[PDB]
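Heads up, what comes next is one protein chain in two forms, each shown on its own as structure tokens, labelled structure 1 and structure 2.
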Structure 1
């Protein structure tokens, strides 16, 4: 109990069944996703049909981070989030070329989203709604750190209890825990 997850006292309404919070500015999130590939390994183990979604957070990267949350909404709106995840992480943390909102847009353009399509999405209702969802879900759990993962809007993963002597075992322990939780 509490070893691999905790139960929220107030469940999150409208949350993706498997919800990962992250920041492109967060080095740990980069380790979590681009080295451990947690979400990929979780997805492989999830029951068929279960939605896993990543939500961006606003509390890193200054006001640019908030723009990135909106760009991430654009990505989800356009269905390119999986693709742009890598160049956004790399642009922020590796090449350090994401220093303004136009640099974010450039990543999308280079990923094949025309500037005009990005801008129209940026200003669209679907994007505003996705931004509202990301911000509301973070508020609903009083999120103070990333990465974090929540299942069924009810269960918060606790990686602290998990054995880290072997990264492969850690990843599968974590993925197994998510699957178990998703089936509750």
Structure 2
């Protein structure tokens, strides 16, 4: 077939019921995640190929970067709670990987302040149980799929994208193949 289990995607041996339709995992410490966001814009190109108002979810992971990696999962929970993902994603990537100016939870906070989130509002969210619950959702979802690597994408809790078997000589063709595969998987 043109799409083959084991090739463009793997199929979850233990499928995860009641999982989000399109679920991506990333870390601000992961270089390929950096590219998926700023160079390839995977998420928006997947979104443009899927039906209206499909639910796309994106979660940070703890298993890279030690203490600060776990701080970033809580900060991503803040970003989700406030709906400011689009304003902090690039400066967080650049602060961790480009300028290496993010060394502490305070440095993470400066990124939200600079992006226009009020200091009071960031701190209330950071300390909120709504955010603690978002942190728990992120960890649980990663545990449900025994995640050990990013970037990762899962469709309908049953199929995992496998980009390692895709031609990467042309960025635009790669993105299109990634997005068309997700669409194919969502339609199964």
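Positions refer to the first chain, counted from 1. Superpose the two forms; the largest set of C-alphas matching within 1.5 Å is the rigid core.
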### Task
Note yes or no: does the Cα of residue 175 move by 2 Å or more between the two structures after the core is superposed?
no
### Task
On a rigid core superposition, how far has the CA of residue 72 moved between the two structures, in Å, if you could check?
0.2
### Message
If I align on the rigid core, how far apart are the two C-alpha positions of residue 13 between the two structures? Answer in Å.
### Response
4.8
### Query
Cα of residue 61: shift between the two structures in Å, core-fitted?
1.0
